[PDB]
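Shown here is one chain on its own, the form solved without its partner chain, set out as structure tokens.
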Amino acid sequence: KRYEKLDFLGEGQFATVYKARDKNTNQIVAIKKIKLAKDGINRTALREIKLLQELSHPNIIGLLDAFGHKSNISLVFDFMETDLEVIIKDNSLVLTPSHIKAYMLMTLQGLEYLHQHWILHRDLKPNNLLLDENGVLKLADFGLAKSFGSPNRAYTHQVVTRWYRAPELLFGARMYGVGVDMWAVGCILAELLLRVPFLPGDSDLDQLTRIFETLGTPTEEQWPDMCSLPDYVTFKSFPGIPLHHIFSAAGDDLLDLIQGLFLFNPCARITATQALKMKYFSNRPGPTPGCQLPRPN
């Protein structure tokens, strides 16, 4: 209640976001005030509160504060000027390979921290990748994030925005791991390289059709146990387009990163740690500093 409401930052199913000043330090923050019967405080708000109070990484959005009144709660976050979707859709911005390297590096560092603490973001997409004024990407929108690694808990499979949903989720995986995030990273990476949604399927079966058409229908040698998934339906044997035909400007190291991120086998799909260890990030050019990342203004 020490917060002066400056502007209106957005509206979404569960909440409304405003720019604000913290008067006690005169800071610019984003207040996510939760909207609304006989169920109490919104579970999305509680999920984001409980998970973001346990995480502290430069590339994960900081929950600066929280408060509220009867059954209506509001969460105080770092204010972010833009999200990666605005950079991707800004035809005036040129995404050099170094800028893509910087974005992927910050995303994978935030995701490595997040996965080391056994949390799946599970809603990764360019909107949820916010950029502060200093060029530091942060993961945001933890309303679907869930702790993984526990056999005793079943997870939903309708949980990642369809265009970035991994094939095990489209096939209906109830138990999964970091792959569902890393696939989305690949999709984000692909979109960073194409400036267009990589796999923009209209439905779940259309999403699977797009995936298999772009990358080949997976065999049981590529993805063992694939048929065990609850919603597995056999598809046409698409040859798939070679990645250098999709990403014409991608070097062989970037193609190796992309291929690792897009493995159909969620166990063989690279994690954030080993994605960060790949030679793509070690090679030249170095990732651009945050102060030099492109700013959609």
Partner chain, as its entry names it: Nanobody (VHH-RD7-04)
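Positions refer to the first chain, counted from 1. Think of the rigid core as the biggest set of C-alphas that the two forms share within 1.5 Å after superposition.
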property: Core-aligned Cα RMS comparison in 4 other deposited structures of this protein - stretch that moves more, 268-276 or 63-71; result: 63-71
property: Higher-deviation segment by CA RMS in 4 other deposited structures of this protein, core fitted, 6-14 or 280-288; result: 6-14
property: Residue 36 left out of the model in a third or more of other PDB entries; result: yes
property: Count class of deposited residues lacking coordinates, residue 36 to residue 37; result: 4 to 9
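Below, we refer to the form solved in complex with its partner chain, which is not included among the displayed structures.
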item	value
4.5 Å heavy atom contact, residue 127 and its partner chain in the bound PDB entry	no
Partner contact for residue 200 in the bound PDB entry: its partner chain, 4.5 angstroms, heavy atom	no
Exercise: residue 62 in contact with its partner chain in the bound PDB entry, heavy atom 4.5 Å	no
Heavy atom of residue 222 within 4.5 Å of its partner chain in the bound PDB entry	yes
Segment assignment from 182-190, 128-136, 222-230, 76-84: heavy atom within 4.5 Å of its partner chain in the bound PDB entry	222-230
